[PDB]
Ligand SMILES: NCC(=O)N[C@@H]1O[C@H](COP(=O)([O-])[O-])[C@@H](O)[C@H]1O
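Just the one chain here, the form deposited without the named molecule, laid out as structure tokens.
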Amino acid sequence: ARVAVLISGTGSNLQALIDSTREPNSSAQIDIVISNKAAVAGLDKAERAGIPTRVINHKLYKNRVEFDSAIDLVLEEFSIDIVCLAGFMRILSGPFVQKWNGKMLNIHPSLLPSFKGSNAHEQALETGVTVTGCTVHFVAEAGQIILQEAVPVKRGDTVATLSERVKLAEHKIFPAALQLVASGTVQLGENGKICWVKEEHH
């Protein structure tokens, strides 16, 4: 499967994703990294790895739909099968999300549905949970969960220490989820729920 990664900044998890696709039995290849912001660290990561990049500036389009259509055109030109969001900070339009239904992944630094939105680590700490984690899910208008990994909150943790621990888990589950979807092992059913598929090819 041909994969695109959309970013807005540092491209958190991008290197983890790249590394996984270099592995022997990978079902995925990262073929393009697209940013809505020029000269961000994630682009440099991609470029240093020899992966094509594109910058699509939202300020050059009339509205959200026009902007997302420009992204989609690039995805079409590169024959992309699957999209991963790595710190993408714009809201994708309904039409874009619908087209990419069951083919676009995102990650969140909590065990959804807990701690939705920004600052999930601070939320976990303020709430006083002893268990948090990360969730990779398909993107919807939210979206069906593919994988989750629980991560302990330790006594004395700061936002930084908890964030680093959750990031190590993300480095593991984002590529694992990508491989599941790229291989066809995990697919979105016609009923809108996750389907674990037994593949014909052995």
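In this text, the rigid core denotes the largest set of C-alpha atoms whose superposition between the two forms falls within 1.5 Å. Each residue number is its position in the shown sequence, starting from 1.
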In the entry, residues of the deposited sequence missing between residue 66 and residue 67 amount to none
Can you tell me whether 22-30 has a higher mean C-alpha B factor than 145-153 in this record, or the other way round?
22-30
Comparing 83-91 with 127-135, which stretch shows the greater average C-alpha B-factor in the deposited entry?
83-91
Candidate residues 54, 45, 37, 59, the one whose C-alpha B factor the record puts highest
59
According to the Cα B-factor stored in this entry, which of the following is highest: 195, 4, 7, 1?
195
The third of the chain into which the C-alpha temperature factor of residue 114 falls is the middle
Cα B factor band for residue 120 (lowest, middle or highest third within the chain):
highest
For the chain shown, is the CA B-factor of residue 17 in the lowest, middle or highest third of its modelled residues?
middle
Lowest, middle or highest third - CA B-factor, residue 173
middle
In terms of the chain's CA B-factor thirds, is residue 160 lowest, middle or highest?
highest
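Although not depicted, the form solved in complex with the named molecule is the subject of the following passage.
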Open or blocked: after superimposing the binding-site C-alphas and transferring the named molecule from its position in the deposited bound form, do three or more ligand atoms sit within 2.4 angstroms of any backbone or C-beta atom?
blocked
How about residue 131 - does it come within 4.5 Å of the named molecule in the deposited bound form, if we only consider non-hydrogen atoms?
no
Examine residue 10 and determine whether its closest non-hydrogen atom to the named molecule in the deposited bound form is within 4.5 angstroms.
yes
Could you tell me if residue 107 has a non-hydrogen atom within 4.5 Å of the named molecule in the deposited bound form?
yes
Does at least one non-hydrogen atom of residue 73 fall within 4.5 angstroms of the named molecule in the deposited bound form?
no
Which single stretch, out of 163-171, 150-158, 22-30, 48-56, brings residue heavy atoms within 4.5 Å of the named molecule in the deposited bound form?
163-171
Would you mind checking 82-111 for residues with a heavy atom within 4.5 Å of the named molecule in the deposited bound form?
86, 87, 88, 89, 107, 108, 109
Relative to the superposed rigid core, does residue 167 relocate between the shown form and the other one - that is, does its Cα move 2 Å or more?
no
Taking the rigid core as the reference frame, tell me whether residue 150 has a CA displacement of 2 angstroms or more between the shown form and the other one.
no
